[PDB]
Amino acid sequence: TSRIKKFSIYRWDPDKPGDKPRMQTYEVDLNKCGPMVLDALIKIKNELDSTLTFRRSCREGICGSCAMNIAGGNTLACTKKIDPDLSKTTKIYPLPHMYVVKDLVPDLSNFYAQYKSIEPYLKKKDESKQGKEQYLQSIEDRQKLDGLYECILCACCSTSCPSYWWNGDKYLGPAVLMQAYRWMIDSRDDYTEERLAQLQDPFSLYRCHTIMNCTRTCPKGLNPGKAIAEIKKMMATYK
């Protein structure tokens, strides 16, 4: 009494470059598989094709490793329920509009460098007392970080943004801009104006046209579109 589910997965081997990207179908018996797409991916690699390649680490949707495009949408494979409709084949692709290293593994190095470029760390005008006492932060000011600090940098949002597809070389993208906002409103950070000044150009922030794919696709339920709108408001009113 098995329940055979079909998965069509994107394949490309850097060591046999000439073979064009193709889709490969795998049949998986759901009665002998965990409930998430990552469970099926690991089951396939362990029992059907150990050449199938993908990133993964935590199994509970906290590390950000397994981001990919499943059934048209970017999401984390480890928290994405397999669709039990056996008449439908689930298509799995790498995160969109990215350079493929192999199979489902994209090159995220530009993404990390953009993240580095916004200095995601606490900066105070005088750091010489660092390490001596706890900095004070009110409950109300701490609450402003809710919805921003939970980002796991999976890149599901940025790689779902049409603007990031066309201008990912210069547009920082939703994940990075939201982390920039996170440091802008941290009450303990003293470089808000400078953080805002960094976005005074046509691309970094301004390629965002409020398409809102980013917020729709976030596996953590966050809202980078809203965060980007808050930056635009600060950019328009700061001195």
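Sequential numbering from 1, following the sequence displayed.
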Checklist entry - Higher mean Cα B-factor in the deposited model: 125-133 or 68-76? => result 125-133
Checklist entry - Taking the recorded C-alpha temperature factors, which stretch has the higher mean, 24-32 or 38-46? => result 24-32
Next on the checklist: Just the C-alpha B-factor column, please: which of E150, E119, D83, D107 has the biggest number?
Outcome noted: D83
Item to check | Chain-relative CA temperature factor third for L199 | outcome: highest
Item to check | Where the record places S57 (Cα B-factor, split into thirds across the chain) | outcome: lowest
Checklist entry - Where does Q114 sit by CA temperature factor within its chain: lowest, middle or highest third? => result lowest
Next on the checklist: Per the entry's values, where does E193 land by CA temperature factor relative to the rest of its chain, in the lowest, middle or highest third?
Outcome noted: highest
Checklist entry - Lowest, middle or highest third of the chain for the C-alpha temperature factor of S163? => result middle
